[PDB]
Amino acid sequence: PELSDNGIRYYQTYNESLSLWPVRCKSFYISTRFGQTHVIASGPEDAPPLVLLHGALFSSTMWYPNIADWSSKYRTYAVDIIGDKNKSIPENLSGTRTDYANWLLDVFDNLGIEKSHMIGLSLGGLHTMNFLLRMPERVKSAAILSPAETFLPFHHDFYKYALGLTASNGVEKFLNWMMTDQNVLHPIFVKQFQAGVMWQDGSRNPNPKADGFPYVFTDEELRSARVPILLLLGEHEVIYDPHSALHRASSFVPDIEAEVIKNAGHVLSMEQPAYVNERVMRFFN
């Protein structure tokens, strides 16, 4: 082992956030070609598989408002995205979109998944789109929530608030910007998010490059989608214009159900869990 003091603190906060999980779960690691990947499993072992991919910097622990509902019907695996601030441990990771799809391939294979439902928010939504485009044979259908780029490039403010996280009151600035009411987030969850931001001496993040993430799919790439997609966006979205995003997605993706949700922004799964929970279920059913 070799975690810094800040790393140990982050791990402790992650474990404390897992107490917000209102159903029985197990934490475990899956070996992939790009390193040990942390997974939280909930739901009946014989139920259809569902894979969750969290938003940037938030980890799999963010699914606490949704997991009781989704877990009732699905064998639900919350996967920590390799290279992001969480419990997954990256090895030899270049950061290309090919690499990331192959990482997720390994996760699927190692969980014994043939086809799966997928839900991804923010960064996880981008991973989801990248995966379903490359490997439609493995995805039954996908719910893409407030995706990182994918349809539109970020507004420049996203870069600024994300960068500002480590300086002075950056965490508070980021959350007040992104959320009309950041008090919808549990204080224990926020403590973890803060500890993540303070943990800076761990794995080095791959420098953003043209062949990596974030990414905006071309017109032709979007037209090529062969998996049903539910796209949920929040009216109060700040990372881009959510109506502009819906317009582009709806213009090109063949099999899409897209909507801009009321009284929610970027982290719509946490702001409107009652609506979002049912809406996703209805789509999968």
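One rule holds for the numbers: they count along the sequence shown, beginning at 1.
On average the C-alpha atoms of 63-71 have higher B-factors than those of the other stretch, with 213-221 and 63-71 being the two compared. Note on 162-170 vs 194-202: mean CA B-factor is higher in 194-202.
When the C-alpha B-factors of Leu246, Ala47, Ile239, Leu52 are read from the PDB record, the largest value belongs to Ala47. For the set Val79, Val184, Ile119, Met129, the PDB entry puts the maximum C-alpha B factor at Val184. Ranked within its chain, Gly112 lands in the highest third, by CA B factor from the PDB record. When all modelled residues of the chain are sorted by CA temperature factor, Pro22 is found within the highest third. Sort the modelled residues of the chain by CA B factor and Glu137 lands in the highest third. Ranked against the other modelled residues of its chain, the C-alpha B-factor of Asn92 as given in the entry falls in the highest third. The entry lists a Cα temperature factor for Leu175 that places it in the middle third of the chain's modelled residues.
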